[PDB]
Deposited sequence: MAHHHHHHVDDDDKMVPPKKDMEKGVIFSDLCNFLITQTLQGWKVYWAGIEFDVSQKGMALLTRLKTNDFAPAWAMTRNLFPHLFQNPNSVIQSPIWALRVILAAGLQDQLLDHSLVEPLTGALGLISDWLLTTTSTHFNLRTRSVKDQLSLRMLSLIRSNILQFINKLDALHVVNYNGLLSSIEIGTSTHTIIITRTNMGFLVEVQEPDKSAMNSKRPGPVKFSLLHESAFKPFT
C-alpha cells in the first residue's frame, strides 16, 4: 500500500525536465513530452499578422513571455482543471493543478501526506486518459484567420484565466487574472495524435 502510493506520488508530484538537442524532454504522470526550443525567438521578435490578432500580448508593455516549458505546464494544469469539473480527490487535483500553474518547482511538496493518501493507480490512470483527451481536444481546434470562437479553449480558476489558442505558430498559451504568455509547437503533441 505504501508501495503504490509512493510510485504514484513519484510520477504525479514530480515534473522532470532534461535538456535535449532539440529542446527539452519533460516527464510527468508517466507521460513524455518533447518540447522544442524554437519559440521565445519568434514571440519576442514580433513583440505573420498573428501579432494584430493578439495586441494584448504583442503590443502590451505589461505582457511577459515565458518558456515553452511554462506553456506545457500551463496546458497540463488546464487539463487538470478541466477534469476538476466533475470530491475529496477534487482537492488533490486542485493542488497539483495549482502547483503546475503557479510555481516553477519540479517537485510538488505541500501538502505531501494529505494528497499522498488519496493517490492510486486507478486515479493516475484517470488523470492520464483525461490529459490525452484534453490534448486531442486541443488538436481538434482549427487555426482560423480571425479570432473566432472555434480556435481556442478557455479555463478559469478562481484566481486565473487560461487561454490556449491554436495558431500557425502552434499553441499560443496565456494566463491572466498583467498577462503571461508563451508558445508550444504542435510537435510536442504529435505522438498523441
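- In this chain the deposited sequence has gaps in the coordinates at 1 to 19, 67 to 74, 114 to 117, 209 to 220, listed in sequence order.
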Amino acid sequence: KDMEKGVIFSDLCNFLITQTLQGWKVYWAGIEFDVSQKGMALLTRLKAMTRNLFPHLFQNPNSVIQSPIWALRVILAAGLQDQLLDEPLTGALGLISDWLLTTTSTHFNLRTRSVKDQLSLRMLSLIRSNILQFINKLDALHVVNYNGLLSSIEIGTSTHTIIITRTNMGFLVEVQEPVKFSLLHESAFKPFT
From here on, numbers count along this sequence of modelled residues.
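- Looking at 162 to 170 and 139 to 147 together, the entry lists the larger mean B-factor for 139 to 147, computed on C-alpha atoms.
- Relative to one another, 31 to 39 and 130 to 138 have unequal mean CA B-factors, and 31 to 39 is the one with the higher figure.
- When the C-alpha B factors of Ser125, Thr50, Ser152, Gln66 are read from the deposited coordinates, the top value falls at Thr50.
- The PDB entry assigns its highest CA temperature factor, among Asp98, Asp117, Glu87, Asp82, to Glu87.
- For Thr20, the recorded CA B-factor ranks within the middle third of the chain. Only modelled residues enter the ranking.
- Among the modelled residues of its chain, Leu93 has a C-alpha B-factor that falls in the middle third, as given in the PDB entry.
- Looking at the C-alpha B-factors along this chain, the one for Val179 belongs to the highest third.
- When the modelled residues of the chain are ordered by their C-alpha B factor, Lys1 lands in the highest third.
- Among the modelled residues of the chain, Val26 sits in the lowest third by CA temperature factor in this PDB entry.
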